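Chemist: make a model of this:
(chains A, B and C, ligands or ions: 3)
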Amino acid sequence: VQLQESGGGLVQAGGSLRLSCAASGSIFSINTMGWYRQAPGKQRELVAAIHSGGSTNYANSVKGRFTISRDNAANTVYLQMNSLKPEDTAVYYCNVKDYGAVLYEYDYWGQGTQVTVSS
Amino acid sequence: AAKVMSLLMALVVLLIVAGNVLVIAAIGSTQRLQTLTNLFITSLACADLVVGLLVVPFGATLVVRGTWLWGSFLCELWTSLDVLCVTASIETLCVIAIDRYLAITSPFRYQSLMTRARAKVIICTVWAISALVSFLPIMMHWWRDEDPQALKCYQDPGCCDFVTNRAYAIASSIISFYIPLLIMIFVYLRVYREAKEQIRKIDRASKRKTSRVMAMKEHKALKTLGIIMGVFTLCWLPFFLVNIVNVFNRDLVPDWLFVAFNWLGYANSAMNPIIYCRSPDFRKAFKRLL
Amino acid sequence: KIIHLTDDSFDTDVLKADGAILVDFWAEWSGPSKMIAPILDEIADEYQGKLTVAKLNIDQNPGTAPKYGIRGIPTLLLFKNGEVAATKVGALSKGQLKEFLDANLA
Ligand SMILES: CCCCCCCCCC(=O)N(CCO)C[C@@H](O)[C@@H](O)[C@@H](O)[C@@H](O)CO
Ligand SMILES: CC(C)NC[C@H](O)c1ccc(O)c(O)c1
Ligand code: NA
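Modeler: Numbers count the residues shown, from 1 in each chain, chains lettered A, B, ... in the order given. Ligands and ions are numbered 1, 2, ... in the order given. Below is the structure:
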């Protein structure tokens, strides 16, 4: 199970970006894909997450601006980030929580991809 | 063979105490293991441990010596303790199935819904019901049958057979086993259905390009699910089936088989550590403790 | 190695006798009592030392059978120091019978 992350880079404040994480490997039908981020000298926090049954979960800092969705066929998750601010600058990580064990969850983490927003 | 039976009891006690002590230690000592699911596992491990420490030893000696050596009061107290711990254990397996159901199907809902305080109340209730099925009826003689040959075993301190009226045998068996079982079948069946229907949506997504097949992760989920329901039912259905049978046509099932089937149920308490503590974090903690 | 018992020798051959002794109660009329006869002749060789096989004809020696309450035949009573430790009734095969004997010889 490898998580390939793309769509990050440099962008001006007020701009948009579309992150995209494709998960190539064996994953249980029921799973939760999401985007976390880590600002410089801060703890890793949740940005957005989407369950395999359409349920979503956002953080208040990104509510109304960021939109998470997943590809219907393959295991790929997109995060459309609009109205970006310099606060959003972080290393965004892709996450897959696999529920195939039934009794516990297994985590997969991507390498991380830099997003940097300037004013 | 008669010597093989006594050896086989010793390892059963060893597996139960060893396994469960090790689990409770692992959860208590590690910050990472202290999740809500493992809170219900801690309830389960306590019950199973009390089975290994108190219930199975005294039960073993009733088979070895052919008679109760500790009197009428400790027969009643021990019978109550047996039913308490078996009720709490099996009901806790049912609560775990529901916990995993919520965390798998509706994970964002589950976080706000299932708080630490709510989990404690659930656990307290499981034990309170176990007490009111075990200690309240057995100590107060509500479990007692009016039959003369049954009433011989209540009068005799040396006799500590399990003889109940119709009402108690049914009600106790339902509360300890059948309500839990049906909830576990219903609950875990929807995890299979959820995963089946999700494979259906992924196939509709493709536009007739690909047909999904059962991979590694789906076959492991089915094996785990097969172990959960298979081992629990193998261990306790035979005893609890017979326990209802014996009320109606008493001589139909022998006494040696009734006792042996009950011991099969005590073995589940040794299996439960193995099934419900295979997480990577459990495996790491176990290595750290040894 | 089969002991062929009588009414008078029973006390000396079974109750006073050393080790475990398996007694077969057989009759010349009973077809189930004949089915086990060649099986017990084979067991006497393989279980030599571990136990001793004995046969008692109920038509020849009717006095012994009422004392222990024999209902049907063949009925196999295992004896240990002049005491009945086990019982089987009816015809068995060698594989079934060995598992009864192996478990009671502890
Ligand atoms: C958190 C509190 C939740 C409720 C606590 C009480 C639930 C259990 C009620 C109850 O006691 N029983 C079911 C109702 O009978 C089981 C037995 O008490 C009863 O079956 C026997 O006493 C008779 O069968 C004996 O003749
Ligand atoms: C030997 C006896 C004390 N075993 C009792 C058995 O474990 C049992 C537990 C809970 C019940 O509800 C029950 O009917 C029977
Ligand atoms: Na008694």
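
Chemist: list the buried residues for the host helix or strand of residue C:43?
Modeler: Following DSSP states H and E, one finds residue C:43 within helix C:37-46. Residues of helix C:37-46 classed as buried: C:39-40, C:43-44 (neighbour count, 16 or more other Cβ atoms under 10 Å in any protein chain shown). C-beta: built from backbone N, CA, C; applies to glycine.

Chemist: go on, stretch A:87-103?
Modeler: For stretch A:87-103, by 16+ other Cβ under 10 Å, it's A:88-103.

Chemist: can you tell me the SS state at residue A:67?
Modeler: strand (DSSP: H, G, I helix; E, B strand; the rest coil).

Chemist: tell me which residues form a beta bridge with it?
Modeler: With DSSP bridges applied, residue A:67 shows beta-bridge pairing to residue A:80.

Chemist: my guess is it contacts residue A:77, does it?
Modeler: No. Using Cβ atoms under 8 Å, residue A:67 is not in contact with residue A:77, being 11.4 Å away.

Chemist: compare these two and say which is more crowded by neighbours.
Modeler: A count of neighbours by other Cβ atoms under 10 Å in any protein chain shown puts residue A:77 above the other of residue A:67 and residue A:77, at 25 against 15.

Chemist: so the more buried one sits in a strand?
Modeler: Yes. The assignment for residue A:77 is a strand, going by three-state DSSP.

Chemist: report the contact partners of it.
Modeler: By Cβ atoms under 8 Å, 6 or more residues apart in numbering or on different chains, the contact list for residue A:77 reads A:20-21, A:23, A:33-35, A:50, A:68-71, A:94.

Chemist: one more: residue B:33?
Modeler: Going by Cβ under 8 Å, 6+ apart, residue B:33 touches B:26-27, B:281-282, B:285.

Chemist: ok, and the closest non-adjacent residue to it?
Modeler: residue B:27 (4.8 Å; Cβ to Cβ, 6 or more residues apart in numbering or on different chains).

Chemist: so the one you found, which of the three states?
Modeler: With three-state DSSP as the criterion, residue B:27 reads helix.

Chemist: ok, it touching residue B:42?
Modeler: Yes. Counting by Cβ under 8 Å, residue B:27 touches residue B:42, with 5.5 Å between them.

Chemist: looking at those two, which one has more neighbours?
Modeler: Using other Cβ under 10 Å, the more surrounded residue of residue B:27 and residue B:42 is residue B:27, with 21 against 18.

Chemist: list the residues that contact that one.
Modeler: Residue B:27 touches B:33-34, B:38, B:41-42, B:45, B:285, counting by Cβ under 8 Å, 6+ apart.

Chemist: report the beta-bridge partner residues of the closest residue to residue C:72 other than its chain neighbours.
Modeler: Distance criterion Cβ to Cβ, 6+ apart; nearest residue to residue C:72, sequence neighbours excluded, is residue C:89 at 5.4 Å. With DSSP bridges as the criterion, residue C:89 is bridged to residue C:75.

Chemist: tell me the secondary structure at the closest residue to ligand 3 within chain C.
Modeler: With Cβ to the ion as the measure, residue C:85 is the residue of chain C nearest to ligand 3, at 27.1 Å. The assignment at residue C:85 comes out as strand when based on three-state DSSP.

Chemist: that one: neighbour count?
Modeler: Residue C:85: 13 neighbours (other Cβ under 10 Å).

Chemist: quick check, it in contact with residue C:76.
Modeler: No. In this structure, residue C:85 is not within contact of residue C:76 by Cβ under 8 Å, at 11.9 Å.

Chemist: before we move on, the earlier item: Throw the contacts of residue A:77 into TSV and include secondary structure and distance to ligand 1, thanks.
Modeler: Output for the contacts of residue A:77, formatted as TSV (DSSP: H, G, I helix; E, B strand; the rest coil; distance: Cβ to the nearest ligand atom, whole Å):
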residue	secondary structure	distance to ligand 1
A:20	strand	51
A:21	strand	47
A:23	strand	45
A:33	strand	40
A:34	strand	38
A:35	strand	43
A:50	strand	38
A:68	strand	42
A:69	strand	44
A:70	strand	42
A:71	coil	47
A:94	strand	45
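
Chemist: turn those residues into TSV, columns for distance to residue C:95.
Modeler: Shown next, in TSV, are the contacts of residue A:77 (distance: Cβ to Cβ, whole Å):
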residue	distance to residue C:95
A:20	67
A:21	63
A:23	57
A:33	59
A:34	62
A:35	66
A:50	62
A:68	66
A:69	66
A:70	61
A:71	62
A:94	62
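
Chemist: now, of the residues you listed, which are buried?
Modeler: Burial by neighbour count, 16+ other Cβ under 10 Å: within the contacts of residue A:77 this picks out A:20-21, A:23, A:33-35, A:50, A:68, A:70, A:94.

Chemist: so what's residue A:7 closest to, chain neighbours aside?
Modeler: residue A:19 (4.1 Å).

Chemist: relative to residue C:62, how far out is residue C:70?
Modeler: Residue C:70 sits 10 Å away from residue C:62, taking Cβ to Cβ, to the nearest Å as the criterion.

Chemist: of those two, who's got more company?
Modeler: Counted by other Cβ under 10 Å, residue C:70 and residue C:62 do not tie: residue C:70 has more neighbours, with 17 against 10.

Chemist: next up, the contacts around the closest residue to the more buried one other than its chain neighbours.
Modeler: Closest residue in space to residue C:70, ignoring its immediate chain neighbours: residue C:25 at 5.4 Å, by Cβ to Cβ, 6+ apart. By Cβ under 8 Å, 6+ apart, the contact list for residue C:25 reads C:33, C:56, C:58, C:65, C:70, C:73-77.

Chemist: before we move on, what about residue A:35?
Modeler: With the criterion set at Cβ under 8 Å, 6+ apart, residue A:35 makes contact with A:19, A:21, A:46-49, A:68, A:77, A:79, A:92-95.

Chemist: what about the closest residue in space to residue A:100 that isn't next to it in sequence, distance to residue A:93?
Modeler: Excluding its sequence neighbours, the residue lying closest to residue A:100 (Cβ to Cβ, 6+ apart) is residue A:28, at 3.2 Å. From residue A:28 over to residue A:93 the distance is 20 Å, taken as Cβ to Cβ.

Chemist: how about residue B:220?
Modeler: With distances taken as Cβ to Cβ, residue B:220 is found 26 Å from residue A:93.

Chemist: what is the most centrally placed residue in chain A paired to in the beta sheet?
Modeler: What sits nearest the mean C-alpha location of chain A, by Cα atoms, centre = their mean, is residue A:35, with 1.9 Å. For residue A:35, the beta-bridge partners under DSSP bridges are residue A:48, residue A:94.

Chemist: quick revisit: the residue nearest to residue A:7: neighbouring residues, count only.
Modeler: Other residues lying near residue A:19 total 22 when counted by other Cβ under 10 Å.

Chemist: what about residue B:164, which SS state?
Modeler: Strictly by three-state DSSP, residue B:164 counts as coil.

Chemist: surely it meets residue B:143?
Modeler: Yes. When contacts are counted by Cβ under 8 Å, residue B:164 is listed as touching residue B:143 (5.0 Å).

Chemist: which residues does residue B:163 contact?
Modeler: With contacts defined as Cβ under 8 Å, 6+ apart, residue B:163 is in contact with B:145, B:147, B:150, B:153-154.

Chemist: and what of residue B:144?
Modeler: Listed by Cβ under 8 Å, 6+ apart, the contact set of residue B:144 reads B:150-151, B:154, B:164-165.

Chemist: let me know the secondary structure of it.
Modeler: With three-state DSSP as the criterion, residue B:144 reads coil.

Chemist: need the nearest residue in space to residue A:75, chain neighbours excluded.
Modeler: Per Cβ to Cβ, 6+ apart, closest to residue A:75 is residue A:23, 4.0 Å.

Chemist: ditto for residue A:101
Modeler: residue B:224 is the one closest to residue A:101 (Cβ to Cβ, 6+ apart), at 6.3 Å.
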